[PDB]
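Each of the two blocks below gives one form of the same protein chain as structure tokens; they are labelled structure 1 and structure 2.
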Structure 1
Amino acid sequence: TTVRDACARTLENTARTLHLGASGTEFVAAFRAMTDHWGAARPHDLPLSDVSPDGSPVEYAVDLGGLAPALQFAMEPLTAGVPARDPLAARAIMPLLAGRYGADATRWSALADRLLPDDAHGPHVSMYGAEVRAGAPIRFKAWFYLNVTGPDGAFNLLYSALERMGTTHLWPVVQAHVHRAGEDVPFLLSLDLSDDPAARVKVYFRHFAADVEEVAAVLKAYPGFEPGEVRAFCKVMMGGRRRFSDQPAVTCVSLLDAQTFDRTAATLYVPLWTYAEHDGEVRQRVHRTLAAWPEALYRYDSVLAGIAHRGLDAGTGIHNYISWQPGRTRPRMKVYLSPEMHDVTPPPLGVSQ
């Protein structure tokens, strides 16, 4: 079975489980269009991907709280038998989306010569993805790697991206997000490939060797990130650990000209495959953190069952991340899951890194 056919089946089943209706059908078609370029590749025919830590080139993400269900995937453009840092596939997928779906390429085009270079220093140069909510149009996204000119270039490359978008006046937002210089580091730049006012430019940061208190101190700048609640969530999802000792915590911030009190300015991502014995333990932690919301846990259990393909206690690697954002009355959480086309229990930073 090709990678594209196997993941399309899982994605369609997940959409059906979520009752996405016709929106789900269109979403599967978009996934197939974006992964056509993988060709006839089976899993071993593609280079190891950064998308999931086991090297799988797809990640599924499910909103757990939303009244209307909302499904997302991320993937890596890859050429069968070519190293992942080769930029051909990433350069081809933007015009594909622009032409087939009207996706906005104007920010992408302002950046692509710098962020998708011929000879990238890092092993990966892009991810792309899509998100759909029932009854609403699909929204596409691109992620660029801020290490493509070398790890020590991440801030300079980000700043140069703001130069090209005319948004250097937003640098103070980046600067303020860094609390521990050298350990709070930007590593991805994401573009919503839409031309409307809701479209966001987001910077993702790693927080290396961070205590839960330091992660909460980063996030308290943003509306609704009460530090006590952030610390408690991290601790539950870490099984009581207080420090991100190997795999870094991740945050992202939207770069905006003003505060936004819909509480969409920032997100917390807790990595799940290095701080537990196996995915059964992770599932128990999810049941603990979402105890107050049985509808969310029923949705989570159902989606996990459609994506896992072995006993949860065999190792880690099915759960990649859980994300957390404050809401009006309750937190907004999503789970990020791997199809595990390769080996159980990936190492910190993933097999490709």
Structure 2
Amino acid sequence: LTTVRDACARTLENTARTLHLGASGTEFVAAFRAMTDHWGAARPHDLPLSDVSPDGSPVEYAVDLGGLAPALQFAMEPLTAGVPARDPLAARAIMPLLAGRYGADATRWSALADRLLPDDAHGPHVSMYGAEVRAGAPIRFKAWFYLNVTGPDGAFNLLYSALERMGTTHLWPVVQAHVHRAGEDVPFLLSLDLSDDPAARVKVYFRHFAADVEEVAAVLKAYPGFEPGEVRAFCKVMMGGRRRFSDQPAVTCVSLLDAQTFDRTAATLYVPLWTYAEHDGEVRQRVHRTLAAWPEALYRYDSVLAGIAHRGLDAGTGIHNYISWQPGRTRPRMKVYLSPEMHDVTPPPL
């Protein structure tokens, strides 16, 4: 009888406690509640299926795999029981809430929302929001917009128009340079850090459809730190030795300003995990291989996973959604993105 908003808040709270986030964790859970209060008393079966997780869960949890002071993050979808996910009302309410209660910056959001959050979106989803926190640091909020709201062939037009509205068309060459597999490398999400602070970024997510690992390693080789050998190795290990993204595509995220400057790293590679393995136990084995040099990162990973999984890992896939890879100062930064399997049900035998 537990509601979605309470179930997710409890999972987030337990994960925060596992990561020893302290007071920062408590305030983070309160921000999650602020953002998901509007889900009402809905149970899982009352909400529309969400785009946040491939299994339709309306929340996804992500944790840093390495480093002291791990970050914890969530993404969610504004949703209302009985209302299609593409309806923009819930998403339009999140920004004034974050601006008013947390001092989030709405100026870039407001410049984009009229066109990217329209009343009659073409695609099935129109908005996600998220937050992240580390112990002792302020919570950072973000929004994702869909580049398909005017149909499939409008993503580049919509993206260029968004940069124009934000006064950053000087960033467009970053997008063009990331354009290798024309037609196959496609921007499909735009994210905004909802801060004014100097670190806030606009990011573009690209899909690499029908690519093998070497080709993906070429798109990324242009970004500092993306050593093709290390990138290929990460993909091959996390895909169980597969050399090509057969069905589910590779995804990259490009921080436009950081790709144009020098001091910050500007791209992130996302490897999908639920279709290239027999079950989440095999995915876990690949993470342990990948993190073998850091037994503490693995203990942390296992602790977070155990608090989010509620069935045996070997039963199938659906808990691990993605693992991401970014170059770091001394070591790569990896994150794991996990689903609560909100909608799964197991009836008794007939």
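Reference numbering: structure 1, starting with residue 1. Take the two forms, superpose them, and find the largest set of C-alpha atoms that agree within 1.5 Å; that set is the rigid core. Residues that one form lacks are left out of the comparison.
Which one of 114, 139, 263, 121 is the only residue whose C-alpha moves by 2 Å or more between structures 1 and 2, after superposing on the core? Residue with a C-alpha shift of 2 Å or more: 263.
Would you look up how far the C-alpha of residue 343 moves between structures 1 and 2 when the rigid core is overlaid, in angstrom? For residue 343, the alpha-carbon shift amounts to 3.5 Å.
What Cα shift, in Å, does residue 67 show between structures 1 and 2 once the core is superposed? Value for residue 67 between structures 1 and 2: 1.0 Å of C-alpha shift.
Fit on the rigid core and then flag the segments of at least 3 consecutive residues whose Cα positions all differ by 2 Å or more between structures 1 and 2. After superposition, residues 257 to 264, 343 to 349 shift as runs.
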